[PDB]
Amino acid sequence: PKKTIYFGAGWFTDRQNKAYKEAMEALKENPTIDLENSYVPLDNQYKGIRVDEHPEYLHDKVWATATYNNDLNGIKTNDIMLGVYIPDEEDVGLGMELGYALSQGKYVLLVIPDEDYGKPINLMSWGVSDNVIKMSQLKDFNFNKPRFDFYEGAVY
């Protein structure tokens, strides 16, 4: 069978975007992931109007309200909460989605790029996570048998 995921990932820094690209590739090769019916924030911004390209909407309460809800809905309707984590550039946005994921009883999986694996991550991120793998493990990670496991890196 196949499980769907919420692609929790930033797009602010270059490193964030580098991971984003590797993450999608890995997920495409994964046989237990139904990527088409999954939810990816970028591909689901309120009626195509994402602020960073046409910024009048940064102050638009309606746009913000819709985008926020669309995201929360994208987490609760999908099976796995996937968070592309970068130790040196942690995102408050992703953090909130992790805690929300917890409340929705979802398997919270964190993926750290191989180069950063080991670097101290925030304590709360360490505690909420159900497992923390290396980016290279992603493509073969079996989402049909999700299991608990401690991040073998450090906290701060």
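Each form is matched to the other, and the largest set of C-alpha atoms that superpose within 1.5 Å is called the rigid core. Numbering starts at 1 and follows the sequence shown.
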property	result
Of 121-129 and 51-59, which departs more from this form in 5 other deposited structures of this protein by CA RMS after core fitting	51-59
In 5 other deposited structures of this protein, rigid core aligned: more displaced of 41-49 and 89-97 by C-alpha RMS	41-49
Greater mean Cα temperature factor according to the PDB record, 144-152 or 9-17	9-17
Between 60-68 and 112-120 (mean CA B-factor, as deposited), the higher	112-120
Maximum C-alpha temperature factor, selected from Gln104, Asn131, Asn37, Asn44	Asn44
Record-listed C-alpha B factor of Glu97: chain third	lowest
Record-listed C-alpha B factor of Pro87: chain third	middle
